[PDB]
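The structure under discussion appears below in the form of structure tokens.
In each ligand, atom 1 is the first atom listed, and ligand 1 is the first ligand listed. Protein chains get the first letters and strands the later ones, always in sequence-line order, with residue 1 at the start of each.
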Amino acid sequence: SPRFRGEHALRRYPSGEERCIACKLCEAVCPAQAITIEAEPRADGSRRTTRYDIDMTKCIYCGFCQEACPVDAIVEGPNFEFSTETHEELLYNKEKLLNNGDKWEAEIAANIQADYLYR
Amino acid sequence: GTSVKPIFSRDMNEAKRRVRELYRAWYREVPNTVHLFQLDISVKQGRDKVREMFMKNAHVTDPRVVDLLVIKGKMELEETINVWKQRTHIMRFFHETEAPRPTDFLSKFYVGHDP
Amino acid sequence: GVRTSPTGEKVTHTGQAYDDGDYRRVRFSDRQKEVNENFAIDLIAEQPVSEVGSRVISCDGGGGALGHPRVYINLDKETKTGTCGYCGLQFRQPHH
Amino acid sequence: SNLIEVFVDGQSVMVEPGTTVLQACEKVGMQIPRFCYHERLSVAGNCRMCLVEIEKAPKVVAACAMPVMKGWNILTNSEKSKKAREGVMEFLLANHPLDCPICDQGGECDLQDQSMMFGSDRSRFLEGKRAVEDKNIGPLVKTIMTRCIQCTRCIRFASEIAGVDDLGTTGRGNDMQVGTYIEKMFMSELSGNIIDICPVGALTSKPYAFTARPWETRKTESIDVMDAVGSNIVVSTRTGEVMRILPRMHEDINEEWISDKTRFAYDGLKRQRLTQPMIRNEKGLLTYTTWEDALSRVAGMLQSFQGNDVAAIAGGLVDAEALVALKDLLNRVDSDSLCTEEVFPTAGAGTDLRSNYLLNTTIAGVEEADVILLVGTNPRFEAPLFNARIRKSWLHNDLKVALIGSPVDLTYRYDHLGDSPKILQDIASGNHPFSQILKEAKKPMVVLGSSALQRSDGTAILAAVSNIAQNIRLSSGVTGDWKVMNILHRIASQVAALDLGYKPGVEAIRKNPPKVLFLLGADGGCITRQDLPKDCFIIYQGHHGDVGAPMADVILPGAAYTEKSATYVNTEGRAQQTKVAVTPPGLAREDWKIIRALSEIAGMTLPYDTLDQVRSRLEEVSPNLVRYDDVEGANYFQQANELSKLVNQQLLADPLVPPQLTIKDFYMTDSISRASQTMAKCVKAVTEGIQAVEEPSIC
Amino acid sequence: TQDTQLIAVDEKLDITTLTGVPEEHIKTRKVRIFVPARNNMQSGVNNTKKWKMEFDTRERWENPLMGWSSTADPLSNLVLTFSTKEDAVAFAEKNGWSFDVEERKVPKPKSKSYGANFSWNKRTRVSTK
Amino acid sequence: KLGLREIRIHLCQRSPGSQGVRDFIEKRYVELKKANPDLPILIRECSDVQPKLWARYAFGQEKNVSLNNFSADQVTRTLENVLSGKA
Amino acid sequence: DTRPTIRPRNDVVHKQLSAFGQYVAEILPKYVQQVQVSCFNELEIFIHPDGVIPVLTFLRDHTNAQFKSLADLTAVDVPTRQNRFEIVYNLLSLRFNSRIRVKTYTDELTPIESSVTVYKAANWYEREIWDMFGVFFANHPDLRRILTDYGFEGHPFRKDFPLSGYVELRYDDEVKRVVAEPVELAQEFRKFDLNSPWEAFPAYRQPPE
Amino acid sequence: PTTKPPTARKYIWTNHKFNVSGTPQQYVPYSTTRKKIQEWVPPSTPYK
Ligand code: SF4
Ligand code: SF4
Ligand code: SF4
Ligand code: SF4
Ligand code: FES
Ligand SMILES: [K+]
Ligand SMILES: [Zn+2]
């Protein structure tokens, strides 16, 4: 279903600008403390993260982060086939999560359009 | 109130009596533990470990604390006798993997900030 | 744009790259360093500035409930542009 | 016995007349909601959040401004009181921006918390919100002014506490805006305090921006060492990193304020840090080495010289533990040349009597004063919170202030007597008109800055000022418990060093230059390699590479004041201890532990292996050094005054000029604030203008 | 007062041998007993009412893999709450923790008068409102 | 070699046991300083402290006599002996 | 009911439970220290630790009580009390379709009486309380650890026990077995200070000191 | 997608990639933040 909670992703506006403005609400609400965030003013003055890690082996895939997010920046995507041969590839980076967003945005956005009126 | 109720012992001599009984039981159990768990240590080593575990609490003067220590020691003895503990549990009294921590001021100063 | 370090390591959008003496570069050997090549700062820099004819403009990020919390931006400074503090879109009054 | 009886929800309390409704509720443990009200500011009564029902009274009253009447029953939880609060919160949130995720106030706001606790949970505002343009008031306070709720706290603070009338409101009605009208910097030593008093994210810290959320920070309570006030602070840390500095309330020292150097110079704690031991290679250059190697080098140099051949200089940021450890170590080689960079007159009593070298009236005591005399000092920049207390007493107690020195701006009007030190002799002999003012005064106070003791005639200046203080105490014009004589110190390590028997100033080392020189955080540049024989073996121990580190033969990386539990004695004499917020970086170590390790390697092991043991040693040397938060009285001013009359030194004709005449001289004073880029931005903004330092505050 | 066979005991309660705490984290720790300061960012006083027990902060380093904050201190997050200072010191003493306790700092009463803002001859008069 | 480097006088402002040393400092300390201008005589008063005299000699060797309930004449004798050998 | 959000209050059950609490306090004055009914109609009996067996047996066997089921037996740690441990008995009466809570107290060194003779269900609950809080139960048929690892030191549910404890476990290839070491965390737990500086509930305000 | 194609974005991958675990294209984590503490660099000029 469109509500399915799989692999996480960081999303952008149509302009290509990131949605995350580093409020840290997802990190505050994360039941497993799987989200690690560091932020600072960007060179253009924007409020943006410099660290955004999700320990996917700490994660319980509850979807509380995407509920807390006020800008639909962090989501749980539809992907569920991302098993790894080592423990280290499951400790996600900001680059990893942004590449997940760019990889899956086409269907992530369709799922969100399907379910956002219930949210 | 001014006074308190005992666990078992109404005095320090009673606490000592039970401590001696527990020490006796542990001392006799050690060879059977060494044989049964197939430990790579000697019976002298195990009995010295039992003594050193007893000697950690030699400073205790409260008969109720002594009674609870005896209760926990008997619990540990029953885990050892009934083979509820594994070999790894028996061998955890001997911190064979942990490196020798520093004790003097200079080495502790060299390796970090901890007092 | 995504540049290169003097060691040849790729520099991320947060400006991270190990120095030439950092042993931690051994983690990328026989592997790759994962870098997102879409720098959001350069992307939002490419967007035009809207010439709206009002002192106060409102921006919710586009898509209504799918954008960001709706905010109001003052456009009285004639040297600066009023930009949204959520999505970076810029606004300015017509031709001053 | 003139207390009246009022009721707070039926419970009776006895209050002094003039107590407001808010205070009467405060003494039963009930905190009335408020935005504009601050207990340390004047009453404004504009936010209307404190409205409360008086039983039998049809109209609600502003609890913050309304004095209680006899027999009044305050209904703090009646439906009328709740509806007043809900309406006021609705009006406050009508035009408030939806900035909580992007606003640094989120999680510790007040608007958020009182919306949750006292306002409704939903909106019925169906219109477009207000938006005002941002104001730039310097590189320290980011003003996102469309978040402002017009509580006037910043304006009241700036006008009363800081003494600068730059903040204000322009326009009226819904488009009334808080600012400076013109484009003008809000430069003041106390400027950063309008961030904390601001209930919302309208005024925020630029250095702290976007960097942390309130809930994730760990709060370590410690003491400021950027001056000798000893302001109580909270150090916010997160994941092993110092995040910001906040004021911590102490009614007797700093109230709830800190100076801008205290607030923002923590930027320097991340730059130019000494992290590893260093020695000189065969090419003469400093290179990293192990602790054992460097310590063995120093110990080899230690046990080859003795007496006057080994000396030590203590810098301005050094704890008492390190001071006593270094003194013990140097005494082991029979060395008594343990000096400080800051000179205090050693003639007469010198350091023997503790009352000779501290603020005897205490920081809280200037409120009780009738008249204060300031000599050769700029308390505004030397000790900003002491000057804030002086202005507080100038404002409420109608304190009269006179000054000898440069006509420096002090944020309050005072009477300028002159700048030549000859006036002190003029007052002491009773010829000057101000001598009568001091004589006809119940609680006079004479404050001599430690900055004026750095002169070559500082001994004569101290003698003349003591002659002034004694001349008004030999007549029955002041009680015995009141202390008139005070020394205002500007160096955080100075009073502890004097207490422990350090020699004030580095004249002993100039008299007998050492072959071994311990530079214990000494970055003043008083002693350079040209004042030392040819091959002096200079040790530097500290946390920053600023001045002393370049010239040293060995470098011992020490801990900064946020990285150790350390005793610091303030200008009035009370010992206070910091606590570690983070550990020292790299291989840096606690300073007394470095000295103890060096002593053991040298074969002269100091008799303490622990912080409690070094603190008991401190107790053995001077027992007041472990009486934390207690100000111990020091007596025998008359002994010091009759000892001071034998030195018969003269006064120079040189005018008394403070080292800091304007704000640009305030920011950059020690090694931490010289490594601070925020202090550099402050200096740049002060010296050039508002367009010099630029930063896009666009989110 | 009751039939419990009241046995005489010393008034130095010591439960350190029963807590299971490793010996390093008893003698070498130093707890702080204090009422937390009011967060100067807010004007709410509801967090300055109870006494706190916090341990001395130890070393936090950076994780080589992710740059996370690592620790080897089991008591880095342990924070106990107490109603009075006496309860906190009794708890610290029976647990064998060396402690320093500081006196609670409360705001001193202050004389607030709105009518002072318009004084006829005092400096308390405000130039703006 | 083991000459006297400094003396520390610890006392209390109000405690009756430090009253003799308080009197000594009031009436005799200035003469002691005029006779010993280069000797550090560090007088440190602290509340509820038992009166104590410290004498630091060469190479960090210190010894403390106790001055509790001393008369000013006794503190004068105790300082005379410390400052002149006998002790 | 024009209040669709507020939980409805049932005063009949409140009165019934109040009357039964008065009844229980009157029948056993020797052990009942306090009885109270919550705003959500839950009745608690506060007793001296000596009265555990008498009060529990009365509630089980009295024809007007018939609390035949021991729903739960747990402990609560409150360090600021000299008797830090609060022992909680939750009992259910099928005959009267009612529930009751019985609470007493103890410290680290005073044994609570085992109630296995009253309820056979108490056998594992008392073992669990001993395991996680360290409370001794005198005359327990078999008192020992139930939840924690063999040889585990400490009582984890005490408020002063650290969340991750003191030891970790890993397999060591040199000694060819699982070993225990002092705990190190690659990422330490991040302590959050969440409490608001403003009072939420005035009705629960404690009087000032 | 033939009947309802996804919305075109310029940042969406134009080439889908499968699970590259166990390949030299696998993801390896690293810290994305810059160094916190700057050390003091000694002068290159000797004092003597
Ligand atoms: S899904 Fe849940 S556990 Fe996973 S990161 Fe989001 S909030 Fe944390
Ligand atoms: S992902 Fe969303 S909730 Fe998390 S910090 Fe960014 S904006 Fe806030
Ligand atoms: S000040 Fe900031 S956190 Fe507070 S209500 Fe306004 S936007 Fe939200
Ligand atoms: S800027 Fe802040 S302190 Fe000043 S009036 Fe506005 S809300 Fe109040
Ligand atoms: S608090 Fe009384 S009106 Fe603002
Ligand atoms: K603010
Ligand atoms: Zn926008």
Problem set entry | From A/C23 atom SG to D/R213 atom CZ, the distance as rounded to the nearest 0.5 Å |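 CZ of D/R213 is found 6.5 Å from SG of A/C23.
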
Problem set entry | Approximate separation, where rounding is to 0.5 Å, of D/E160 CD and D/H38 NE2 |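 D/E160 CD to D/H38 NE2: 11.5 Å, rounded to 0.5 Å.
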
For ligand 1, which atoms have a heavy atom of [X] less than 4.0 angstrom away?
X	answer
A/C59	1 (S), 3 (S), 4 (Fe), 5 (S)
A/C30	3 (S), 5 (S), 7 (S), 8 (Fe)
A/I35	5 (S)
A/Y61	1 (S), 4 (Fe)
A/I60	3 (S), 4 (Fe)
A/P31	2 (Fe), 7 (S)

Do [X] and [Y] have side-chain N/O donor and acceptor atoms under 3.5 Å apart?
X	Y	answer
A/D55	A/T57	yes
H/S31	H/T33	yes
D/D110	E/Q42	yes

For ligand 1, does [X] get within less than 4.0 Å through its side chain, its backbone, both, or neither, judged by non-hydrogen atoms?
X	answer
A/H8	side chain
A/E76	side chain
A/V29	neither

Exercise. Heavy-atom count around A/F80 CZ within 6.0 Å, excluding the residue itself: above 12?
Worked result: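 Result for CZ/A/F80: open.
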
Exercise. Considering residues, nucleotides and ligands other than D/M176, do more than 12 of their heavy atoms fall under 6.0 Å from its CE?
Worked result: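 Result for CE/D/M176: enclosed.
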
Run the numbers for me: atoms of ligand 2, each under 4.0 Å from some heavy atom of [X], listed by number.
X	answer
A/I37	5 (S)
A/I74	1 (S)
A/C26	1 (S), 3 (S), 4 (Fe), 5 (S)
A/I21	7 (S)
A/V71	7 (S)

Exercise. In a check of side-chain contact (heavy atoms from CB on, under 4.5 Å) between A/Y92 and each of A/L97, A/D53, A/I35, which one passes?
Worked result: A/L97

Problem set entry | Pick from A/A68, A/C20, D/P101, A/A39: the one approaching atom 6 (Fe) of ligand 2 most closely through a non-hydrogen atom |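 The residue whose heavy atom sits nearest atom 6 (Fe) of ligand 2 is A/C20.
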
For this session: Dump the intermediate steps for side chain to side chain contact (heavy atoms under 4.5 Å, CB included) on D/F157 and D/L190, then the final yes or no.
Result: CA-CA 10 Å; D/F157 175 93; D/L190 310 170; 4.3 Å; yes

Exercise. Are any N, O or S atoms from A/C62 nearer to atom 2 (Fe) of ligand 1 than 2.8 Å?
Worked result: yes

To the nearest 0.1 Å, how far is [atom] from its closest protein heavy atom, and which atom is that?
atom	answer
atom 2 (Fe) of ligand 2	A/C69 SG, 2.3 Å
atom 7 (S) of ligand 1	A/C65 N, 3.4 Å
atom 5 (S) of ligand 2	A/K24 N, 3.1 Å
atom 8 (Fe) of ligand 2	A/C23 SG, 2.2 Å

Problem set entry | N-O pairing of H/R9 and A/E17 below 4.0 Å | no

Problem set entry | Face-on cation placement of A/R3 at A/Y118 ring, 6.0 Å and 45° thresholds | yes

Problem set entry | A/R5 NZ/CZ over A/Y61 ring centroid, <6.0 Å and within 45° of normal |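 That pair does not qualify as a cation-pi contact.
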
